[PDB]
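> With the input below, show me the fold.
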Amino acid sequence: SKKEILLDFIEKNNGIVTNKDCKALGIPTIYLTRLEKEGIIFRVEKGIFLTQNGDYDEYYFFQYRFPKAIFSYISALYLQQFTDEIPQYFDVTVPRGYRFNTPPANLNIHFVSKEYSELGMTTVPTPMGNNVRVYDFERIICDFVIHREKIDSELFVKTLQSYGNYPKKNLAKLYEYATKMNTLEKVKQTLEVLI
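Residues are numbered from 1 along each chain as shown. Next comes the structure:
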């Protein structure tokens with residue numbers, strides 16, 4: 001039955017379950033209310049439930065509420081362990097014209113044209129093990145090169161050096177992105193000093 005499916009999913013999903021997980025499995029969301037009444041899970045945010053062994057995940061909770069926001073810049077660096085800093089704010093990228101409904105205050109929004117909104121998007125686990133959508137390193141570098149003047153100079157230098165030391169560069173992807181984003185020659189000039 002759908003209840004047995006639901007309970008299997010919770011056990012294998014490390015103690016977090018959402019309304020969207022239910023809709024995806026074809027299970028009425030009121031089943032979560034029933035499990036909450038029984039004490040198996042409890043509600044922490046709108047549509048998000050934890051077991052007694054599930055944990056708060058600020059990145060996953062945020063992207064759950066705002067699924068068009070892709071973690072970018074320092075959030076994308078942090079989530080992929082490309083920096084040692086622990087940011088106290090989110091950097092996200094959304095399509096131009098997107099407005100957040102009741103965002104948190106520790107948020108930097110970056111807008112890009114729809115054609116670029118998912119270029120270099122990839123999925124990685126957060127520090128709490130939940131999958132979120134981020135920009136891969138090559139797309140982060142493109143962003144940094146395009147937007148250098150608007151970026152803290154110490155962060156810019158550190159990030160370029162981190163890519164220089166990154167042993168899993170995908171230069172074909174780097175060049176693909178830079179061509180589409182009209183920044184190939186500045187990216188080639190940047191790469192020259194990092195390899």
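> make it CA atoms for all contacts and neighbour counts henceforth
Fine.
> if I pick residue 178, what's in contact with it?
Neighbouring residues of residue 178 by CA atoms under 8 Å, 6 or more residues apart in numbering: 142, 184, 187.
> Kindly indicate the member of these with the most neighbours.
Highest neighbour count within these: residue 142, with 23 neighbours (other CA atoms under 10 Å).
> Test my guess that that residue contacts residue 177.
Yes: look at residue 142 against residue 177 with CA atoms under 8 Å: they come within range, at 7.2 Å.
> Just the CA trace of stretch 37-54, in CSV.
Coordinates of the C-alpha atoms in stretch 37-54 are reproduced here as CSV (Å, rounded to 0.1, in the frame of the first residue of the first chain):
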residue,chain,number,x,y,z
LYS,A,37,-0.3,12.5,14.8
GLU,A,38,1.3,9.1,15.5
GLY,A,39,4.6,10.6,16.4
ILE,A,40,6.7,9.1,13.7
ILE,A,41,7.6,12.4,12.1
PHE,A,42,7.1,16.0,13.0
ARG,A,43,6.7,19.2,10.9
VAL,A,44,9.5,21.7,10.8
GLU,A,45,8.6,23.9,7.8
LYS,A,46,5.6,24.1,5.5
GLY,A,47,5.6,20.8,3.7
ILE,A,48,8.8,19.5,5.4
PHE,A,49,8.8,16.8,8.0
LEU,A,50,11.6,15.1,10.0
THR,A,51,11.9,12.0,12.0
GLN,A,52,13.5,11.9,15.4
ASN,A,53,16.8,11.2,13.5
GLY,A,54,16.4,13.8,10.7
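> Many thanks, we can stop here.
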